[PDB]
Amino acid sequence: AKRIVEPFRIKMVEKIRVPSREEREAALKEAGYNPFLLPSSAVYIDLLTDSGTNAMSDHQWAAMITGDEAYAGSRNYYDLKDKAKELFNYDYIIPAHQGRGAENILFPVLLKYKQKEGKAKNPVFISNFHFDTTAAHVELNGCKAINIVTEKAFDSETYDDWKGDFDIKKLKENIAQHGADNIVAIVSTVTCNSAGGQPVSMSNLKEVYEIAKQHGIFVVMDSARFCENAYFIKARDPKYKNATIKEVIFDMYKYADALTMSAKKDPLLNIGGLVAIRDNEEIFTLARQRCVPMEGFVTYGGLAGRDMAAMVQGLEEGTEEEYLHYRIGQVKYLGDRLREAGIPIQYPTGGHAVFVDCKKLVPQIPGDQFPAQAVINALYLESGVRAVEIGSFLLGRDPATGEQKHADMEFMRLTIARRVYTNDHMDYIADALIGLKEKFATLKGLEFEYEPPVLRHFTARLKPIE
C-alpha cells in the first residue's frame, strides 16, 4: 500500500476521542446495537458517509464570510452561474439545499415536460444506477426507475476499469421495449455510487448520450462525485492521459443535457446542491416554478448566500488534480491495507469508500441476522470507528412477503470524508479490522428489538443472538 502525502496542510483541527471500551459497550447497548443511533460523541472516526462531512479550505470559509445573503440577485448566485458555464458549458442554474432537493426540482419537471408533448403515458427513467434518493424521487412521481449497470460491477473482487458503465445492450433493449416516448430521461450517475463509486468511462457516457439524442431522450448527469469520475477517466483512459481535469470534465458534460448535483460530495461542502441545464430554457423555466414552493427563491434555492459562495470555491478546489490524486489514493490505501491482510473488498476501490465483504468474514452469520452489521458493531466496540451497513439490514423486507430480501452482498462500507482524516487514521481503521480476525468466527448475529416499517436501518434497535 502506498501513502500519498496531503497537497495541503492543516489550518484548523477538531478534537475527536476514542471512548474507553466500557464507554463504547455502554454507548452501543444504549443505541440498540445500531451505530446510526449513536451520538457523535461516542464515535472516534466517523465513516457513515462522505456527504457533508468534508473539510473546507480557508478560501471557502473566507468566501462564506463575504457571502451575499440577499434574497434576490445575490452576488454569489451570479458567481455560481458563471462557474457552471465555465466548468460545464451549461447556461442555466438553480441552486438547491442539497442533491435530493435538486432531484425534486428537476425530475418532476422533466416528467411534466414530456407529458405535455402527449408522451410519457407509461413513464420510466433509465440509469446506470439510480442513487437511493434519486430512485425514490423517480418513484414518488409515478415513474419506474430502471438500472442497467455493466455486469462488470457485480464481480466484486475482479478488477475492471469502468465498473460504473451503462450496459449499452440493455439501454437499447429498454428503449425499444418501453418506447422512446416513455423514457422521461436517462440518468448518468458519475461516479456510479450504487456500484460503489466506480467510474463511468468517457466512451460510455458518449455512446449513451448519442443514443439518447437520436431518440430525443433527455440526459441528466447525476454529478455528486463528478470530479472523482474525471480523475478516473484521466488515470485509466489513454485518450485523456495528458488532459487536465477540467478538460475531462468539459468533455463529460458534452454528454448530458443537464446535471443534478449534491454539492456535499466533490465540491467539498457541508450543505448544498445544484441543478444546471445546458441550454433548454423551457425546462429551466418549468424548474424555476417548482423551485419556489419547494426550496426557496430562484437565486438561492434554500441555500444561504455563504453556501453559494463556498460552492463556487469548492467547485474549483474539487477539480484540482493533486487533491484528487491524494483523495482517491487515500481510499485506495485503505483498501490496499485491508486487501494485503486478506480482507476481501470491492476491487478496485472507487473514489470515496471501501466496501468490505462481511459474508466471507463471518460465514456463520446468515444474511437475515445481518453479518455486515455484526462486523460493524464489532469494529466499533474494538476501536470507536463507525461504519455503515450495505447488506441485508439495509435492503429491508420484501413488502409482498414480509420476509427478508436476499442480499447479493453483505457489505460494510468505510465511507471517507474529503480532507478530514489522515493516512494514520486509515491505518487505525485497517488495523482495528485486521485485529478482529481471530474474533470473526465467534461473532454472533443480530435480531430486532424494534423494527420500523420502512427505512428500518436508520432507527431500528437490535440485540445480539445467543
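Think of the rigid core as the biggest set of C-alphas that the two forms share within 1.5 Å after superposition. Each residue number is its position in the shown sequence, starting from 1.
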Which of 404 to 412 and 418 to 426 lies farther, on average, from the shown form in 8 other deposited structures of this protein once the rigid core is superposed (C-alpha RMS)? 404 to 412
Please indicate which stretch deviates more in 8 other deposited structures of this protein: 112 to 120 or 154 to 162, judged by C-alpha RMS distance after a core superposition? 112 to 120
Could you settle it for me: does 311 to 319 or 275 to 283 have the higher average Cα B factor in the PDB entry? 275 to 283
So 27 to 35 or 393 to 401, which one's hotter by mean CA B-factor in the entry? 393 to 401
Highest-ranked of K439, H59, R413, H425 once sorted by CA temperature factor in the record: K439
Quiz for you: based on the deposited Cα B-factor, which of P363, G329, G164, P95 is highest? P363
Ranking the modelled residues of this chain by C-alpha B-factor as given in the entry, is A407 in the lowest, middle or highest third? highest
Where does the C-alpha B-factor of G384 rank in its chain, lowest, middle or highest third? middle
Would you mind checking where the Cα B-factor of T299 ranks among the modelled residues of its chain, as the lowest, middle or highest third? middle
Compared with the other modelled residues in the chain, in which third is the CA B-factor of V109? middle
Of the three thirds of Cα B-factor ranks in this chain, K152 occupies the highest
